[PDB]
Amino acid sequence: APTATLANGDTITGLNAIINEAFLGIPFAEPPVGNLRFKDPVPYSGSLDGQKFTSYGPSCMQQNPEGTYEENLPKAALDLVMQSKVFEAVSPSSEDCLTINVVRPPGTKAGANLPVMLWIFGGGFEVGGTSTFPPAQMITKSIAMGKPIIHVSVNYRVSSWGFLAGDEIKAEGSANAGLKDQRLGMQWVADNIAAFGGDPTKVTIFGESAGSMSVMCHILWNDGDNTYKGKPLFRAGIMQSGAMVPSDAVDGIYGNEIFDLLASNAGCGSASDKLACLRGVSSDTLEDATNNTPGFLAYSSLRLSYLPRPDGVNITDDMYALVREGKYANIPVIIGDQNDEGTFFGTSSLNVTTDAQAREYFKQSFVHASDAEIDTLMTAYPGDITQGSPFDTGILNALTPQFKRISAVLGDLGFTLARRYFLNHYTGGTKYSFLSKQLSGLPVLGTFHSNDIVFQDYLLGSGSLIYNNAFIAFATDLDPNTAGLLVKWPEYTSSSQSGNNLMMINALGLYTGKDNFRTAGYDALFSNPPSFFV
């Protein structure tokens, strides 16, 4: 029933879901299989003429979150679940996974010129797919608001398949393949979105967690040049939890170790060209070898095995430096956080209970940090359980004497204070920032990492006012205030500015506040950012 005519003249059919029209599973690239593994995506050249696109394709290969070279119960358990026929039926994954999904309000026709919201999912750069992020809530609210938008989502390679690094990967020019998948999807939207009723000049990119750090990377891509065929690929960005990635170069120390580990795992330790050896192994051996490297929930936690790393080609340098040096695209941005970003990651080191163990955990995580810097950090984030995350809970959530401590640190470096650093240095366009405390009181996790996905795609709550409405007004008008909320969202100029600069959210609704908390942690972490890179 729904129909579109692509740039190359092909004409496809979608599905009419009543409350919206969807075109799911459109291939935007050749399958990154065989000798195309770990390499840049190749544009799709073939025919889609007369084809039906009524369901999401398989996600790219997934990594066991509890994977690691060690053997243990959670690793065993998740593997048991992940390799099950039931799981593989309900959630199919494949190396041939580079597809794109377009969903629009019902009745939309070519030429409508609706603003476009291109979603980039977050899954710790190791798991994830588009099928788990329902656009219906967004789309519907946009219609109700009288600001209809088109929701676009793109699959990208994760874990070893999309973020392998090391000397060989650098030499070949194959770094950050997963980010390149994302970049091609954008180019595809530029060329084809008009056929669906969207305006290619009104694209707002947005993601959460890894999707968010992805949006930052796109702003920094090619020293800030975001054009394609002479026109910008997007006019704005919304980052939900995540700014710059605190990572060393692709041919760095941990990028090289992981590469080597993965190679030994696949049986390529003796190969003179391990990379070629890796392209030759079956998908099973590769999937297996990857699950034997640390997953995000493993003890390594935030020190991810796979993630965006400066390559000196498309991301020319340390991401913090690029921001200080003004090498970014000049676009208006909304960037916010959840009050308790680190409680999730803090669950991965619950066998650390004494300050002596805490100091060593940090030392193993941040190899570039001197004992002096470790000491300063452990002074800014003290053992006092009342001072940690879940913030403001007193002596509760004391799973261990160090849990709340470790959570306060990880969530700040990885997201919360990382954001403030971007904000204090960024002059590309108007900035807007928010902080959620919607789930205050939730035992153990607090207003935890990713709860925004729930209030943006699944359930309604005070938070949906920002996650849907405000995000919609911004994509349409480049100002979240056009949404018509009762609380005006003030512009963010600096964390040292007088007056409220953050939009806040609690169980009841919205209010304004200041971005001046944990200043001591900020200087401990960012006085010399590279001391804390992974």
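Here, rigid core means the biggest group of C-alpha atoms that superpose within 1.5 Å across both forms. Numbering starts at 1 and runs along the sequence shown.
Between 72-80 and 408-416, greater CA displacement relative to the shown form is found for 72-80 when the structures in 7 other deposited structures of this protein are fitted on the core.
Looking at 88-96 and 288-296, the one farther from the shown form in 7 other deposited structures of this protein by average CA distance, after a rigid core fit, turns out to be 88-96.
Looking at mean Cα B-factors across 378-386 and 181-189, the upper value is held by 378-386. Of the two segments examined, 421-429 and 113-121, it is 113-121 that shows the higher average Cα temperature factor in the deposited entry. Which of 484, 67, 57, 509 has the largest Cα B-factor in the deposited entry comes down to 484. Residue set 95, 392, 225, 126: peak C-alpha B-factor at 225 (per PDB entry). Annotation for residue 44: C-alpha temperature factor in the highest third relative to the rest of the modelled chain, per the entry. Split the chain's modelled residues into thirds by C-alpha temperature factor. Residue 199 is in the middle one.
Among the modelled residues of its chain, residue 51 has a C-alpha B-factor that falls in the highest third, as given in the PDB entry. Ranked within its chain, residue 25 lands in the middle third, by CA B factor from the PDB record. Among the modelled residues of the chain, residue 105 sits in the highest third by CA temperature factor in this PDB entry.
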